[PDB]
Amino acid sequence: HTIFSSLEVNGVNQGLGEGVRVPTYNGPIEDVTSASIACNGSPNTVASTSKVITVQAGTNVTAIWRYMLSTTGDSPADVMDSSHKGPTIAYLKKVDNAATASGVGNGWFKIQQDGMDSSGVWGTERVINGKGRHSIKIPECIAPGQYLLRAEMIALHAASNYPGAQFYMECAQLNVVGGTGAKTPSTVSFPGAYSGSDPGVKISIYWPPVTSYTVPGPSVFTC
Ligand SMILES: *[C@@H]1O[C@H](CO)[C@@H](O[C@@H]2O[C@H](CO)[C@@H](O)[C@H](O)[C@H]2NC(C)=O)[C@H](O)[C@H]1NC(C)=O
Ligand SMILES: [Cu+2]
């Protein structure tokens with residue numbers, strides 16, 4: 001249970017819910033086929049925002065994850081429970097209007113992923129125990145204009161069977177400036193990318209203990 005409530009650019013945070021469609025409840029979407037898998041949604045309620053953050057291509061943004069919108073601290077308990085072990089992912093979608101685009105369907109291409117490392121530490125354990133910071137790279141070769149950043153952190157403490165995995169995600173509104181458009185990513189669709197039978201969704205992380213993890217979705221897009 002957590003929420004990506006605020007995003008940081010030029011080293012400064014843009015504010016709670018400013019440029020980020022946030023849910024009022026920190027509940028996960030468990031039906032990968034449901035339209036809410038893209039940018040959250042029913043049975044949760046997501047608020048709208050009319051702020052499009054101006055980011056210059058090539059630079060990092062950092063998604064701040066928080067146990068609740070009213071959360072004020074940054075301790076491991078203020079981000080998410082320690083049991084919520086799993087990967088952390090980020091996508092981008094080219095839209096005409098980041099302030100109103102739904103974000104459901106084709107157009108998503110992966111840009112960051114942090115699953116299990118050689119030591120066996122999950123990406124969530126670093127966001128939780130790293131003050132909720134989820135650093136993400138904005139490529140330089142994509143085209144400039146409006147975009148939708150979909151940060152995500154999945155928990156697998158009960159994904160032994162499907163339904164079981166817990167998908168937490170919130171989408172941010174961006175305006176990429178300076179992109180050289182020197183490459184066109186091969187995009188996927190949300191819903192459609194994840195499947196209940198994928199090795200990353202359906203998985204028993206304790207019986208037996210896992211050592212290699214397969215982050216769902218496509219490969220990372222690199223210029
Ligand atoms: C910008 O974001 C990228 C990822 O989008 C960060 O790169 C990761 O950094 C961690 C921490 O050292 C490494 O463990 C990963 O291997 C890196 N992945 C990639 C693909 O580079 C990068 O550190 C961020 N930089 C800033 C300044 O925020
Ligand atoms: Cu939870």
# chains A, B, ... in the order shown; residues from 1 in each chain; ligands from 1

$ residues_near_ligand --ligand "ligand 2" --cutoff "9 Å" --atoms "only C-alpha atoms and all ligand atoms" --output "PDB file with N, CA, C and O atoms, in the first residue's frame"
ATOM      1  N   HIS A   1       0.823  -1.202   0.000  1.00  0.00           N
ATOM      2  CA  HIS A   1       0.000   0.000   0.000  1.00  0.00           C
ATOM      3  C   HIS A   1       0.862   1.258   0.000  1.00  0.00           C
ATOM      4  O   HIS A   1       1.543   1.557   0.981  1.00  0.00           O
ATOM      5  N   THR A   2       0.828   1.993  -1.109  1.00  0.00           N
ATOM      6  CA  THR A   2       1.588   3.229  -1.238  1.00  0.00           C
ATOM      7  C   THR A   2       1.089   3.968  -2.472  1.00  0.00           C
ATOM      8  O   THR A   2       0.330   3.424  -3.281  1.00  0.00           O
ATOM      9  N   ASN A  26      -4.787   4.152  -1.114  1.00  0.00           N
ATOM     10  CA  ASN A  26      -3.551   3.461  -1.489  1.00  0.00           C
ATOM     11  C   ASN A  26      -3.780   1.970  -1.718  1.00  0.00           C
ATOM     12  O   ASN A  26      -3.050   1.128  -1.202  1.00  0.00           O
ATOM     13  N   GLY A  27      -4.797   1.632  -2.507  1.00  0.00           N
ATOM     14  CA  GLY A  27      -5.079   0.253  -2.826  1.00  0.00           C
ATOM     15  C   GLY A  27      -4.549  -0.134  -4.192  1.00  0.00           C
ATOM     16  O   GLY A  27      -4.500   0.684  -5.116  1.00  0.00           O
ATOM     17  N   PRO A  28      -4.136  -1.390  -4.348  1.00  0.00           N
ATOM     18  CA  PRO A  28      -3.626  -1.843  -5.645  1.00  0.00           C
ATOM     19  C   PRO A  28      -4.718  -2.311  -6.592  1.00  0.00           C
ATOM     20  O   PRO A  28      -5.801  -2.737  -6.189  1.00  0.00           O
ATOM     21  N   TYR A  67       3.068   6.232   1.557  1.00  0.00           N
ATOM     22  CA  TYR A  67       2.034   5.339   2.065  1.00  0.00           C
ATOM     23  C   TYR A  67       0.644   5.934   1.901  1.00  0.00           C
ATOM     24  O   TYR A  67      -0.323   5.199   1.674  1.00  0.00           O
ATOM     25  N   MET A  80       6.215   2.321   2.062  1.00  0.00           N
ATOM     26  CA  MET A  80       5.402   1.122   1.931  1.00  0.00           C
ATOM     27  C   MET A  80       5.904   0.082   2.921  1.00  0.00           C
ATOM     28  O   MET A  80       7.027   0.169   3.424  1.00  0.00           O
ATOM     29  N   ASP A  81       5.053  -0.903   3.194  1.00  0.00           N
ATOM     30  CA  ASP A  81       5.409  -1.967   4.121  1.00  0.00           C
ATOM     31  C   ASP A  81       6.639  -2.718   3.621  1.00  0.00           C
ATOM     32  O   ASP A  81       6.855  -2.875   2.416  1.00  0.00           O
ATOM     33  N   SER A  83       7.185  -5.822   3.793  1.00  0.00           N
ATOM     34  CA  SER A  83       6.836  -7.096   3.179  1.00  0.00           C
ATOM     35  C   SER A  83       6.569  -6.963   1.686  1.00  0.00           C
ATOM     36  O   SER A  83       6.657  -7.962   0.964  1.00  0.00           O
ATOM     37  N   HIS A  84       6.251  -5.759   1.210  1.00  0.00           N
ATOM     38  CA  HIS A  84       5.911  -5.546  -0.196  1.00  0.00           C
ATOM     39  C   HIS A  84       7.195  -5.587  -1.022  1.00  0.00           C
ATOM     40  O   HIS A  84       7.722  -4.568  -1.476  1.00  0.00           O
ATOM     41  N   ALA A 155       4.066  -5.496  -5.730  1.00  0.00           N
ATOM     42  CA  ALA A 155       4.367  -6.308  -4.560  1.00  0.00           C
ATOM     43  C   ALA A 155       4.066  -7.767  -4.874  1.00  0.00           C
ATOM     44  O   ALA A 155       3.106  -8.072  -5.589  1.00  0.00           O
ATOM     45  N   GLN A 166       0.057  -7.433  -6.561  1.00  0.00           N
ATOM     46  CA  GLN A 166      -0.528  -6.136  -6.242  1.00  0.00           C
ATOM     47  C   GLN A 166       0.209  -5.065  -7.029  1.00  0.00           C
ATOM     48  O   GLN A 166       1.410  -4.859  -6.827  1.00  0.00           O
ATOM     49  N   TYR A 168       0.734  -1.219  -7.973  1.00  0.00           N
ATOM     50  CA  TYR A 168       0.570   0.175  -7.582  1.00  0.00           C
ATOM     51  C   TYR A 168       1.217   1.059  -8.640  1.00  0.00           C
ATOM     52  O   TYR A 168       2.389   0.867  -8.976  1.00  0.00           O
TER      53      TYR A 168
END

$ residues_near_ligand --ligand "ligand 1" --cutoff "6 Å" --atoms "only C-alpha atoms and all ligand atoms" --output "PyMOL selection string"
chain A and resi 60+112+135-137

$ write_last_selection --atoms "N, CA, C and O atoms" --output "mmCIF file, in the first residue's frame"
data_model
loop_
_atom_site.group_PDB
_atom_site.id
_atom_site.type_symbol
_atom_site.label_atom_id
_atom_site.label_comp_id
_atom_site.auth_asym_id
_atom_site.auth_seq_id
_atom_site.Cartn_x
_atom_site.Cartn_y
_atom_site.Cartn_z
ATOM 1 N N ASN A 60 16.915 13.415 -15.241
ATOM 2 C CA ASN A 60 16.223 12.485 -14.365
ATOM 3 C C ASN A 60 15.020 13.149 -13.714
ATOM 4 O O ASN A 60 15.063 14.325 -13.340
ATOM 5 N N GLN A 112 12.698 2.302 -17.400
ATOM 6 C CA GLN A 112 13.446 1.915 -16.213
ATOM 7 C C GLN A 112 12.829 0.650 -15.637
ATOM 8 O O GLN A 112 11.627 0.407 -15.777
ATOM 9 N N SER A 135 14.231 7.064 -8.826
ATOM 10 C CA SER A 135 14.894 7.814 -9.884
ATOM 11 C C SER A 135 14.644 7.159 -11.236
ATOM 12 O O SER A 135 14.705 5.934 -11.373
ATOM 13 N N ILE A 136 14.359 7.985 -12.240
ATOM 14 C CA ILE A 136 14.004 7.509 -13.571
ATOM 15 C C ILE A 136 14.724 8.362 -14.605
ATOM 16 O O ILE A 136 14.835 9.582 -14.453
ATOM 17 N N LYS A 137 15.208 7.715 -15.664
ATOM 18 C CA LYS A 137 15.878 8.409 -16.757
ATOM 19 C C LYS A 137 14.870 8.769 -17.841
ATOM 20 O O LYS A 137 14.036 7.943 -18.225
#

$ residues_around --residues "range 94-103 of chain A" --least-positions-apart "2" --cutoff "12 Å" --atoms "only C-alpha atoms" --output "PyMOL selection string"
chain A and resi 18-21+35-41+46-54+91-92+105-109+142-150+170-176+184-191

$ residues_around --residues "residue 178 in chain A" --least-positions-apart "2" --cutoff "9 Å" --atoms "only C-alpha atoms" --output "number ranges by chain"
A: 55-58, 140, 143-144, 176, 180-181

$ closest_residue --among "A:71, A:62, A:219, A:14" --to "residue 127 in chain A" --atoms "only C-alpha atoms"
A:62

$ residues_around --residues "residue 167 in chain A" --least-positions-apart "2" --cutoff "7 Å" --atoms "only C-alpha atoms" --output "PyMOL selection string"
chain A and resi 28-30+153-155+165+169

$ write_last_selection --atoms "C-alpha atoms" --output "PDB file, in the first residue's frame"
ATOM      1  CA  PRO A  28      -3.626  -1.843  -5.645  1.00  0.00           C
ATOM      2  CA  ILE A  29      -5.204  -2.845  -8.923  1.00  0.00           C
ATOM      3  CA  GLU A  30      -5.082  -6.638  -9.166  1.00  0.00           C
ATOM      4  CA  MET A 153       5.967  -0.735  -7.941  1.00  0.00           C
ATOM      5  CA  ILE A 154       4.525  -4.254  -7.757  1.00  0.00           C
ATOM      6  CA  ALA A 155       4.367  -6.308  -4.560  1.00  0.00           C
ATOM      7  CA  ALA A 165       0.109  -9.745  -7.261  1.00  0.00           C
ATOM      8  CA  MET A 169       0.986   2.912 -10.185  1.00  0.00           C
TER       9      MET A 169
END

$ closest_residue --among "A:156, A:210, A:223, A:69" --to "residue 16 in chain A" --atoms "only C-alpha atoms"
A:69

$ atom_distance --atom1 "CA of residue 179 in chain A" --atom2 "CA of residue 141 in chain A"
5.7 Å

$ select_by_dssp --residues "range 14-157 of chain A" --states "strand (DSSP E)" --output "PyMOL selection string"
chain A and resi 20-21+53-56+60-66+88-94+105-114+133-137+145-155

$ write_last_selection --atoms "N, CA and C atoms" --output "compact mmCIF listing (two decimals), in the first residue's frame"
# COMPACT_ATOMS: atom_id res chain seq x y z
N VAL A 20 0.41 15.01 -11.30
CA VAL A 20 0.32 13.57 -11.07
C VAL A 20 -1.12 13.24 -10.70
N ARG A 21 -1.77 12.40 -11.50
CA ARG A 21 -3.11 11.93 -11.18
C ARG A 21 -3.01 10.90 -10.07
N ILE A 53 4.25 19.29 -16.45
CA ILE A 53 5.59 19.63 -15.99
C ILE A 53 6.53 19.70 -17.18
N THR A 54 7.32 20.77 -17.25
CA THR A 54 8.28 20.96 -18.33
C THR A 54 9.60 20.30 -17.93
N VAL A 55 9.94 19.21 -18.61
CA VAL A 55 11.19 18.50 -18.38
C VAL A 55 12.01 18.55 -19.66
N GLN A 56 13.31 18.80 -19.52
CA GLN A 56 14.20 18.84 -20.67
C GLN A 56 14.77 17.44 -20.89
N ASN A 60 16.91 13.41 -15.24
CA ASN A 60 16.22 12.48 -14.36
C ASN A 60 15.02 13.15 -13.71
N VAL A 61 14.01 12.40 -13.63
CA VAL A 61 12.91 12.70 -12.73
C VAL A 61 12.91 11.64 -11.62
N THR A 62 12.32 12.00 -10.49
CA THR A 62 12.28 11.11 -9.33
C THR A 62 10.85 11.05 -8.81
N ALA A 63 10.27 9.85 -8.84
CA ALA A 63 8.91 9.63 -8.36
C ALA A 63 8.95 9.36 -6.86
N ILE A 64 8.23 10.18 -6.09
CA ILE A 64 8.20 10.06 -4.64
C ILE A 64 7.00 9.19 -4.26
N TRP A 65 7.27 8.04 -3.67
CA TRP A 65 6.23 7.12 -3.23
C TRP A 65 5.92 7.35 -1.76
N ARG A 66 4.63 7.29 -1.43
CA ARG A 66 4.17 7.62 -0.09
C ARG A 66 3.03 6.70 0.31
N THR A 88 10.30 -2.43 -9.51
CA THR A 88 9.88 -1.05 -9.75
C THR A 88 10.10 -0.75 -11.22
N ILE A 89 9.09 -0.16 -11.87
CA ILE A 89 9.11 0.02 -13.32
C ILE A 89 8.63 1.43 -13.67
N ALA A 90 8.98 1.86 -14.88
CA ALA A 90 8.53 3.14 -15.40
C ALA A 90 8.33 3.02 -16.90
N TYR A 91 7.33 3.75 -17.41
CA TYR A 91 7.00 3.75 -18.83
C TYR A 91 6.77 5.19 -19.29
N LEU A 92 6.64 5.35 -20.60
CA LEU A 92 6.28 6.64 -21.19
C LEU A 92 5.33 6.39 -22.36
N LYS A 93 4.39 7.32 -22.54
CA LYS A 93 3.39 7.22 -23.59
C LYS A 93 3.25 8.58 -24.27
N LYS A 94 3.35 8.59 -25.60
CA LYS A 94 3.21 9.82 -26.36
C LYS A 94 1.73 10.12 -26.57
N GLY A 105 -4.24 1.82 -23.36
CA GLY A 105 -4.03 1.34 -24.71
C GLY A 105 -2.59 1.41 -25.17
N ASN A 106 -2.38 1.31 -26.48
CA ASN A 106 -1.04 1.29 -27.04
C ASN A 106 -0.30 2.58 -26.72
N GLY A 107 1.02 2.54 -26.88
CA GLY A 107 1.87 3.71 -26.73
C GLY A 107 2.89 3.64 -25.62
N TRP A 108 2.86 2.61 -24.78
CA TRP A 108 3.75 2.52 -23.63
C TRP A 108 5.06 1.84 -24.02
N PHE A 109 6.18 2.43 -23.60
CA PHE A 109 7.49 1.82 -23.79
C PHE A 109 8.29 1.99 -22.52
N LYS A 110 8.98 0.92 -22.12
CA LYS A 110 9.68 0.89 -20.84
C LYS A 110 10.97 1.69 -20.90
N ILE A 111 11.26 2.40 -19.81
CA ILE A 111 12.48 3.18 -19.70
C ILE A 111 13.29 2.86 -18.45
N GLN A 112 12.70 2.30 -17.40
CA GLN A 112 13.45 1.91 -16.21
C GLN A 112 12.83 0.65 -15.64
N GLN A 113 13.67 -0.16 -14.99
CA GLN A 113 13.20 -1.35 -14.30
C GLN A 113 14.27 -1.77 -13.30
N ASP A 114 13.82 -2.15 -12.10
CA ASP A 114 14.73 -2.54 -11.02
C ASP A 114 14.07 -3.71 -10.28
N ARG A 133 12.34 7.48 -2.91
CA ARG A 133 12.79 8.07 -4.17
C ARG A 133 12.92 6.98 -5.23
N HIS A 134 12.36 7.20 -6.41
CA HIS A 134 12.28 6.28 -7.55
C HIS A 134 12.82 7.04 -8.76
N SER A 135 14.23 7.06 -8.83
CA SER A 135 14.89 7.81 -9.88
C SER A 135 14.64 7.16 -11.24
N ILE A 136 14.36 7.99 -12.24
CA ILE A 136 14.00 7.51 -13.57
C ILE A 136 14.72 8.36 -14.61
N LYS A 137 15.21 7.72 -15.66
CA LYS A 137 15.88 8.41 -16.76
C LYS A 137 14.87 8.77 -17.84
N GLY A 145 7.49 16.90 -26.86
CA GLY A 145 6.07 17.11 -26.78
C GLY A 145 5.51 16.58 -25.48
N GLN A 146 4.22 16.25 -25.51
CA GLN A 146 3.51 15.79 -24.33
C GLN A 146 3.75 14.30 -24.11
N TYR A 147 3.80 13.90 -22.84
CA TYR A 147 4.04 12.51 -22.48
C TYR A 147 3.27 12.18 -21.22
N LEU A 148 3.26 10.89 -20.88
CA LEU A 148 2.66 10.40 -19.64
C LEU A 148 3.62 9.40 -19.02
N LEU A 149 4.18 9.74 -17.86
CA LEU A 149 5.10 8.87 -17.14
C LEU A 149 4.31 8.00 -16.18
N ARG A 150 4.39 6.68 -16.36
CA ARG A 150 3.68 5.72 -15.52
C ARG A 150 4.70 5.00 -14.64
N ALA A 151 4.92 5.52 -13.44
CA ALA A 151 5.74 4.85 -12.45
C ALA A 151 4.93 3.76 -11.75
N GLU A 152 5.61 2.69 -11.37
CA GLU A 152 4.93 1.52 -10.82
C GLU A 152 5.86 0.77 -9.87
N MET A 153 5.26 0.15 -8.86
CA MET A 153 5.97 -0.74 -7.94
C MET A 153 5.02 -1.87 -7.57
N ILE A 154 5.36 -3.08 -8.00
CA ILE A 154 4.53 -4.25 -7.76
C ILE A 154 5.01 -4.96 -6.50
N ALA A 155 4.07 -5.50 -5.73
CA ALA A 155 4.37 -6.31 -4.56
C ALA A 155 4.07 -7.77 -4.87

$ closest_residue --among "A:200, A:23, A:123, A:216" --to "residue 43 in chain A" --atoms "only C-alpha atoms"
A:23

$ decode --residues "range 90-122 of chain A" --atoms "C-alpha atoms" --output "short mmCIF file (atom, residue, chain, number, x, y, z; two decimals), in the first residue's frame"
data_model
loop_
_atom_site.label_atom_id
_atom_site.label_comp_id
_atom_site.auth_asym_id
_atom_site.auth_seq_id
_atom_site.Cartn_x
_atom_site.Cartn_y
_atom_site.Cartn_z
CA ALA A 90 8.53 3.14 -15.40
CA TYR A 91 7.00 3.75 -18.83
CA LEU A 92 6.28 6.64 -21.19
CA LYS A 93 3.39 7.22 -23.59
CA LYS A 94 3.21 9.82 -26.36
CA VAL A 95 -0.13 11.63 -26.09
CA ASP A 96 -1.59 14.71 -27.72
CA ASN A 97 -2.51 16.32 -24.39
CA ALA A 98 -0.96 15.09 -21.14
CA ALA A 99 -3.63 16.95 -19.14
CA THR A 100 -6.54 14.90 -20.56
CA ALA A 101 -5.15 11.79 -22.29
CA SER A 102 -6.62 8.64 -20.75
CA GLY A 103 -3.41 6.61 -21.09
CA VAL A 104 -5.17 3.27 -21.65
CA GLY A 105 -4.03 1.34 -24.71
CA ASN A 106 -1.04 1.29 -27.04
CA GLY A 107 1.87 3.71 -26.73
CA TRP A 108 3.75 2.52 -23.63
CA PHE A 109 7.49 1.82 -23.79
CA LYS A 110 9.68 0.89 -20.84
CA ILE A 111 12.48 3.18 -19.70
CA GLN A 112 13.45 1.91 -16.21
CA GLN A 113 13.20 -1.35 -14.30
CA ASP A 114 14.73 -2.54 -11.02
CA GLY A 115 13.86 -6.11 -10.08
CA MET A 116 16.16 -8.51 -8.24
CA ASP A 117 19.90 -7.87 -8.24
CA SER A 118 22.81 -10.27 -7.79
CA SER A 119 22.45 -9.85 -4.01
CA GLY A 120 18.74 -10.68 -3.97
CA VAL A 121 17.53 -7.20 -3.00
CA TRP A 122 14.32 -6.03 -4.65
#
